[PDB]
Amino acid sequence: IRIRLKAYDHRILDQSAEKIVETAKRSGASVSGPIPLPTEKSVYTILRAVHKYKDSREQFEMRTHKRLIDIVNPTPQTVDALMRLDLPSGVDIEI
Amino acid sequence: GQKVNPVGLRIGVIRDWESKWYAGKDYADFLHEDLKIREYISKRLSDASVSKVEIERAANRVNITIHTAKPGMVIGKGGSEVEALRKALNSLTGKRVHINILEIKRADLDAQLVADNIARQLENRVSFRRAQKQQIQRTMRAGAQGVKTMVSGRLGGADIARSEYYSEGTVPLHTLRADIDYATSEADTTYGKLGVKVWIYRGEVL
Amino acid sequence: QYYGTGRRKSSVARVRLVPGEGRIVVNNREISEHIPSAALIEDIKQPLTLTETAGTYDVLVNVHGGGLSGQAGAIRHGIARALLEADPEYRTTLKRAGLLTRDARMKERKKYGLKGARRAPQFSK
Amino acid sequence: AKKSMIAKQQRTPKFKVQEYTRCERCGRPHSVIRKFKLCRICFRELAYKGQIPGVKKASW
Amino acid sequence: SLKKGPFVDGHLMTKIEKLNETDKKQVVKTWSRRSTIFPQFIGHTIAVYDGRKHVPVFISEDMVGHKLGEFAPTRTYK
Amino acid sequence: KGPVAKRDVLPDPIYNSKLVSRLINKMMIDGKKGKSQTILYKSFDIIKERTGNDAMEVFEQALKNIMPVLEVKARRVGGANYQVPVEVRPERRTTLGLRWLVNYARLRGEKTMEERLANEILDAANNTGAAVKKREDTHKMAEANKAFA
RNA sequence: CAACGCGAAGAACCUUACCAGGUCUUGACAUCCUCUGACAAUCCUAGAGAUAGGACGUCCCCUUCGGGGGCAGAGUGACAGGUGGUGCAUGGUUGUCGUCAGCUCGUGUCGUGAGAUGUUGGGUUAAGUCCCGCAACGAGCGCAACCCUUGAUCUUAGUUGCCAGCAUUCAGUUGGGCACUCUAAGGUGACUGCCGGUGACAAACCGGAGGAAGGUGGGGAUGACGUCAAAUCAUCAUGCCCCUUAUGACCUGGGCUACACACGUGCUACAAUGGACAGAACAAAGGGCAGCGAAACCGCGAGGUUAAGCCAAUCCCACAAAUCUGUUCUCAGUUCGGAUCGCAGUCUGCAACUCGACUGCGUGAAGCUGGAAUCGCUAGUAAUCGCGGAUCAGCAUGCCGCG
């Protein structure tokens, strides 16, 4: 079964993905590896000052990234054990 | 031309956002209610004092963790009061919420708590000289590596304002490896407006 | 049956060359119509001419990224890598001319305030 | 005079055109970013403070 | 200027229409210079707000397609 | 500060003559690539037609003709702004002479660029051309002010 | 200098404060006090607010039923409002000298004192960088590095990517496989490391080799003590005054787009290294759910019809142009230039006269390299060529970013 996950920090997302694959493996399932789906940046621009000096500027980025997993066999007797995992709020998860 | 905010620069590389939730298509309203609950709890806990509050999202259920040892005293006597206030957060957020209290041991090296201390000492008519010179050494012997603290406004000499700062220690702001925690606070006085900026060098990160 | 990766500037040419008779191809297509420039028809054969390995290979290329001259440089780098894999005995001679350094030459960031990469706005008093 | 027309912004106008956007934390009418419904001054403020979970000071 | 016809507002339109029917005499007030001029109101007279003061104007046979705003210059000059 | 230099438009290292050096590389200082490597390589064949010999030989012969060997710069002294003769470096020679040919080619004015340029290449192979004209004016200026060292 | 495509990352209304007119008063907005109890919305004539009244037309949770909780409505006096002044009352921000290499203190010495030393002298680099002396010995903020990003590669991962070898196809889509690129995490990496010379041997400098990269590789982020009473009372608050039957508020219309002239910053040209027509190409980084919107049909066009797929390495925005090839044009105010004009349309929006953009016609202006003066640029730079993106219904020659 396909499963998609994303977050704002690779630091949380990598441990999330590794935990997912490990609990899918030790609780037997046939699985594909955590391919990193290419990240997408999103730049923002803003004046330093409140009233003047448009030549002054600083840049902000909502740098976000994506990973992808899929389980080859749904394995109903173990995916139901997989579902009850808990992760930080920094990561999104969906079918 | 002034300096960049140090924690503003250090966020996301050596510091976490203190809002650890992902959203998408709900980012705006999630953010808005985050500011609303921040404002509410800061306003109604200012007397007990609190530095920083993190917010966390799960299944549309918000959950919180709140800092400082004084909300520790709010645990016991205010244990009823904790439920009483979090009822208000439930009402505001619509969906019910969870909270946690974490005790900041050694409050002498929390930037926001120090700033609030200075603000109170200023607003109850104590001299900036005594307040600041005492607090710096308090934090230093509390065990920081370096401190710089600054106040500005009509400093007694009401007819004209000026700037002043004390410091003793090592405090590298240009290095992006230090742990320079930063805070600022506003103190309203009869003879004008007083602002405070305090930051402390705790240590490097490895 | 020899391979090399070729990168020049926002452009990646992955070349695989086989012993042959000087037949040159890019993206299963000929170069005489793909690249019209003669200064870039000499592209492919420059390394094969500063060595004597001129006609004894034919080359197949899958190339992506950049424009025509960037693709030409990507050819040069990739076929240089493949030739080194083929026979590093005259690696030193190929270095002496060069044609191995991945030139880090890449488009410079356009930064605010300036116009373009380096053009500051007009100045009067 | 700010409270009156922030209230105007809050209430729905008579036509779908008139509903301009004002920043919600600090009532500036100009230069809001839709992704936050926030304008630059009080956006940069809480950006340096730490909020807006995903954004960092950019550099490249 | 579209396929969906000219644009005019009712609160003006009805009171000019029954006017043209019963009695084409008296001038009609209007603060709205937005309305497009229509072909079946020739010879009437309308006072159109210019920002300061309503300007009475007379309508000719050829004043078709335009709007009443075109005859109420709201900006003074030398 | 300090000296700095570069090389480019390089032909192949070995078994290379100047003729094929230019036939594959070199010069082209007229604008962006294309409208050069074109509007050129054909200027040479029209003068293969116009002269019964190798069209390259006339090129560097005219080049030799245009080359200066002295010129003069300006210096601030007192209130005269004396014109001081100086020499020319081996590379300064080539760049400036080539520059004169190209700019006069785009100045002279006839039906089109390649015939303009070719006509000047021959008018400088013979010693009667506009660029050569400026060459001797710079020269007579220079050794008319030779005294200043 | 450091204001003048700046606050404005977007002015038909709205924004919007200003002007004319029409209007209100504890007032849209906030807490307190007493009632009515849950209170509203649709539609009618005058209508622009709003008011006259209407047709159902003021209808919750707990209550040992007393009454509370929230919800609005009415009255109510305290109060609310100030984009109204004062940046020479301030906070908080920002520019500037300036990414310049300086600026300071602890203790100790000399002077009597303002003070000096360290911080000078030799070289060194970009540097107060380092080494060597030196009544100085140290330390701190600055510089460097620690951070991001582009450059070579190893491990892991092969789907929505990539198709080396095979069968297949116009749909390398399929079958099969992670070979290769690519993607994104963790390391390797360049550290004066090594060799010769210069230099006291030191610091360093020059030249080699290895090397994807040699001497801070490239670029970004980082902006010391402070000067300019530099800018901001338009986020914030003592201070005074404006009153709440007015500088506070609601609505219609007008303006910020005016136009005898002056200046600043830009786009388009002034032509044949060109115009026009046809064919052939190569390709970033981003955006897309009141969204992106395919294909086909309609219109010669702006667009319209009916709409597949896409919550996106799958679908779409999205046929990058310059360029190469070929035909004509034959040096002109011209087939350059396209201004400004009348006619006829498309789109959005209630609304395009003041005051949008785009398109088909007709038109075709000045201009044929610009006085005195003056600006940016040290290689992927300038110069050109396009492509996205914030602002958001529409509005980009501006700005931000990409090749």
# chains A, B, ... in the order shown; residues from 1 in each chain; ligands from 1

$ interface_residues --of "chain F" --to "chain C" --cutoff "9 Å" --atoms "only C-alpha atoms" --output "ChimeraX atom specification"
/F:12-14,24-25,34,37

$ write_last_selection --atoms "C-alpha atoms" --output "compact mmCIF listing (two decimals), in the first residue's frame"
# COMPACT_ATOMS: atom_id res chain seq x y z
CA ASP F 12 44.00 22.80 -31.15
CA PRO F 13 47.54 22.38 -29.76
CA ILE F 14 49.45 20.46 -32.44
CA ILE F 24 38.15 27.03 -36.33
CA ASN F 25 38.58 29.75 -33.64
CA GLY F 34 26.22 33.76 -34.23
CA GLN F 37 31.25 32.35 -37.13

$ residues_around --residues "residue 115 in chain C" --least-positions-apart "5" --cutoff "12 Å" --atoms "only C-alpha atoms (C1' of nucleotides)" --output "list in words"
residues 55 of chain A; 109, 110, 120, 121 and 122 of chain C; 266, 376, 377, 382, 398, 399, 400 and 401 of chain G

$ closest_residue --among "E:21, E:26, E:32, E:42" --to "residue 9 in chain E" --atoms "only C-alpha atoms"
E:32

$ residues_around --residues "range 125-132 of chain G" --least-positions-apart "2" --cutoff "10 Å" --atoms "only C-alpha atoms (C1' of nucleotides)" --output "PDB file with C-alpha atoms (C1' of nucleotides), in the first residue's frame"
ATOM      1  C1'   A G 101      39.346  47.251  10.107  1.00  0.00           C
ATOM      2  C1'   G G 102      38.982  49.032  13.665  1.00  0.00           C
ATOM      3  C1'   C G 103      36.706  49.961  18.968  1.00  0.00           C
ATOM      4  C1'   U G 119      46.427  49.178  20.475  1.00  0.00           C
ATOM      5  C1'   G G 122      59.959  44.416  10.980  1.00  0.00           C
ATOM      6  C1'   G G 123      57.447  42.034   7.468  1.00  0.00           C
ATOM      7  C1'   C G 134      58.883  45.933  22.914  1.00  0.00           C
ATOM      8  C1'   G G 142      34.911  43.211  15.839  1.00  0.00           C
ATOM      9  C1'   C G 143      38.088  39.666  11.313  1.00  0.00           C
ATOM     10  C1'   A G 144      38.314  34.255  10.447  1.00  0.00           C
ATOM     11  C1'   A G 202      59.532  32.263  12.362  1.00  0.00           C
ATOM     12  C1'   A G 203      55.334  34.294  10.151  1.00  0.00           C
ATOM     13  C1'   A G 204      54.352  33.991   5.823  1.00  0.00           C
ATOM     14  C1'   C G 205      55.193  34.704  -0.087  1.00  0.00           C
ATOM     15  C1'   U G 216      39.366  32.958   2.510  1.00  0.00           C
TER      16        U G 216
END

$ residues_around --residues "residue 27 in chain A" --least-positions-apart "3" --cutoff "9 Å" --atoms "only C-alpha atoms (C1' of nucleotides)" --output "PyMOL selection string"
chain A and resi 22-24+78-79+81-82

$ write_last_selection --atoms "N, CA and C atoms" --output "JSON list (two decimals), in the first residue's frame"
[["chain", "number", "residue", "atom", "x", "y", "z"],
["A", 22, "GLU", "N", 11.00, 0.01, 10.02],
["A", 22, "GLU", "CA", 11.37, -1.03, 10.98],
["A", 22, "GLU", "C", 10.15, -1.71, 11.57],
["A", 23, "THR", "N", 9.12, -0.95, 11.93],
["A", 23, "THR", "CA", 7.95, -1.61, 12.51],
["A", 23, "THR", "C", 7.16, -2.36, 11.44],
["A", 24, "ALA", "N", 7.31, -1.97, 10.17],
["A", 24, "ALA", "CA", 6.73, -2.76, 9.08],
["A", 24, "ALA", "C", 7.53, -4.02, 8.78],
["A", 78, "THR", "N", -1.03, -7.24, 10.05],
["A", 78, "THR", "CA", 0.07, -6.47, 10.62],
["A", 78, "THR", "C", -0.06, -4.98, 10.34],
["A", 79, "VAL", "N", -0.73, -4.60, 9.26],
["A", 79, "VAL", "CA", -0.92, -3.17, 9.01],
["A", 79, "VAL", "C", -1.77, -2.56, 10.13],
["A", 81, "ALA", "N", -1.55, -3.38, 13.19],
["A", 81, "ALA", "CA", -0.60, -3.07, 14.25],
["A", 81, "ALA", "C", 0.23, -1.85, 13.90],
["A", 82, "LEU", "N", 0.53, -1.68, 12.61],
["A", 82, "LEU", "CA", 1.28, -0.51, 12.17],
["A", 82, "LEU", "C", 0.53, 0.78, 12.44]]

$ interface_residues --of "chain A" --to "chain G" --cutoff "10 Å" --atoms "only C-alpha atoms (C1' of nucleotides)" --output "number ranges by chain"
A: 10-11, 14, 32-56, 58-59, 65-70

$ select_by_dssp --residues "chain C" --states "helix (DSSP H, G or I)" --output "VMD selection string"
chain C and resid 31 to 34 41 to 50 68 to 86 88 to 97

$ interface_residues --of "chain C" --to "chain A" --cutoff "10 Å" --atoms "only C-alpha atoms" --output "count of residues only"
4

$ select_by_dssp --residues "chain C" --states "strand (DSSP E)" --output "list in words"
residues 2, 3, 4, 5, 6, 7, 12, 13, 14, 15, 16, 17, 18, 19, 57, 58, 59, 60, 61, 62, 63 and 64 of chain C

$ atom_distance --atom1 "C1' of residue 264 in chain G" --atom2 "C1' of residue 374 in chain G"
13.3 Å

$ closest_residue --among "G:117, G:222, G:99, G:268" --to "residue 59 in chain D" --atoms "only C-alpha atoms (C1' of nucleotides)"
G:222
